[PDB]
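Only one chain is included here, represented as structure tokens and corresponding to the form solved without this ligand.
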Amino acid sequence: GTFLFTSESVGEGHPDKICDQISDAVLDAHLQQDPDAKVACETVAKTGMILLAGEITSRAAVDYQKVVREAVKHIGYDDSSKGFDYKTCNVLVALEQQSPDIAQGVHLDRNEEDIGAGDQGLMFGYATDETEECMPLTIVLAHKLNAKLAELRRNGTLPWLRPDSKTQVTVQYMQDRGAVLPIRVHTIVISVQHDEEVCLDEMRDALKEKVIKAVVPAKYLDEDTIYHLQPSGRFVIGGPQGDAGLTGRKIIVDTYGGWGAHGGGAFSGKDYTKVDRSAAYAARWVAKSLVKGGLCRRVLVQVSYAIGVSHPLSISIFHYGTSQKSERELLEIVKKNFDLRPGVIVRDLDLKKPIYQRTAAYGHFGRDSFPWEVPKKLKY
């Protein structure tokens, strides 16, 4: 009954992730002044460039040059030696108002509770009892390895580290009546951008001793665990100079690491009317409520919408055989306890609050007790 499963994560300076963080810095800057801002901000990053493209209709007065540069500074790209510098990069803006055809069909003259979905689409929520935070261990460990790299870079322990990193964790699991039980870590990959001076052996030793051992419990590591540390051999060129980044290109890192499913929508740079974000957060909230409520050990929830229509078109539950209740019964419990109209989700999850840049690295789920991470007490 054993099997392997792999998930990855990336650091704050991974170019796709830079884009997600900038998109959400822009969203938060708008929401700080106009809680009802309509934002659809895409970011593109390549050598020396941040380009903002999309549609924003807002009463806020936002200084895009300042917001973008401050986000890049926070990430740690502050010198041409690192391949990117917030002080001297090009910031280009191609932002227009939201299409009036979309606005009239979604929200104009609509009661907030009855606002229409901002687009059609499908979204999934997932939760698993394998960790207290109800997330897959593979992705939790992968995120923590990138967070550890950023911690050691920022406190000056490993000053040769640069912001761009990727990690990947393969866990060997046992199947248990549809639930999954982590046994051991089979393989770890770490690739991180570095300075010109540090040698490969010094990096590999530090990645094992100061990063992996500082994150992964020893009980999961053994003589057979495979380590791929700086497997490319050299990673001096990094960030946007090494690879063009775009918003919404790390949607699996943002969610469940391959577990569960995804509807395709990106989160960053979007206000609550874009159900790609708000309904995915609500679906996570439902899934976690079902697991913490003791109704199943793991569960997948799907929801879908049509543009301009408030109520979801469909809701579905897949419990992997981990409940005594049928999926039909769980769906009835969900329908009695949740209202997944976007105009209700916004109230329940406080989605006009400018906390979005905090979600844009290290995953949107399983951290920091955001509203979608606080289970709802279910009545049935």
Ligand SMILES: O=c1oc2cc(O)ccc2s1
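Counting begins at 1, following the sequence as shown.
As for the form deposited with this ligand bound, it is not shown, yet the points below apply to it.
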**OP:** Can you check 204-212, 79-87, 139-147, 153-161 and let me know which stretch has heavy atoms within 4.5 Å of this ligand in the entry with it bound?
**Re:** 139-147
Original post:
Would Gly366 count as a contact of this ligand in the entry with it bound, using a 4.5 angstroms cut-off between non-hydrogen atoms?
Top reply: yes
Subject >> 4.5 angstroms heavy atom contact with this ligand in the entry with it bound for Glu133 >> reply: yes
**OP:** Answer with yes or no whether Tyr356 is in contact with this ligand in the entry with it bound, where contact means some heavy atom within 4.5 Å.
**Re:** no
Subject >> Partner contact for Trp372 in the entry with it bound: this ligand, 4.5 angstroms, heavy atom >> reply: no
Original post:
Taking heavy atoms and a 4.5 Å limit, what residues of 161-182 are near this ligand in the entry with it bound?
Top reply: none
